[PDB]
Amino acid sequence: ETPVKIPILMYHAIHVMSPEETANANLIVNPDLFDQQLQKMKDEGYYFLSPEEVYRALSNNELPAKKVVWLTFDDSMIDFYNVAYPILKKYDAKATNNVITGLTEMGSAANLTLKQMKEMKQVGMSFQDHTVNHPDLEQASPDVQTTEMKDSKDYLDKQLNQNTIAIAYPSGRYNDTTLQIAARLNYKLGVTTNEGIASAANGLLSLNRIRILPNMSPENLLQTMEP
């Protein structure tokens, strides 16, 4: 039985650019383009997965639909609530944001709040782990990697009354120690910045993702997501 594959899209910023952002090439996706990408996925019959569904699918090697996708957003930026979330609701799409818990605990205005996450969880959104302070985990000792990955999970689990199962490593950096620790902390899924469609063979704690480029037309994105 052929191993299943799952496109895991990696978004970051989605908002209208500031005057200074237009002066230099960057990676911010225009909201209108995000709308058009989701519209095309919906028309093509894509099923939008939660983290729990990705784990089940990869573990049992079966997809809940012919076309599936895991929409992921890193860094728990406020534009996910102000811009991305309304557009996701418009298309009845589910998505995951990987949260830097320290910025939320410190009250950063640039980042998602607990109240916003509680609202979004009731309309399809999931909030997973992106460490407490967003260090390069690879350059941290085993004890520090444990703290960064554990204390943030405990925060999301308690404050959002959940069992966090997925982590995104900051900047996609990890070593053997990172993955051993993530497993011992009862993470089920881990996502990297290694480009490609994902499958169990990547390593469940080291899954590929598809980087969303700002020049990425909906037609070309969908072709990239095909196995």
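We number the residues from 1 along the sequence you see.
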Q: Would you mind comparing 182 to 190 and 22 to 30 for me and telling me which has the higher average C-alpha temperature factor in the entry?
A: 22 to 30
Q) Between 115 to 123 and 67 to 75, which has the larger average Cα B-factor in the PDB entry? A) 115 to 123
Q) Once the chain's modelled residues are ordered by C-alpha B factor and cut into thirds, is residue 130 in the lowest, middle or highest one? A) lowest
Q.
Please say which third, lowest, middle or highest, residue 199 falls into when its CA temperature factor is compared across its chain.
A. middle
Q: Could you say whether, by C-alpha temperature factor, residue 9 belongs to the lowest, middle or highest third of its chain?
A: middle
Q: Could you look up the Cα B-factor of residue 139 in the entry and say which third of the chain it sits in: lowest, middle or highest?
A: highest
Q: Tell me, lowest, middle or highest third: where does the Cα B factor of residue 56 rank within its chain?
A: highest
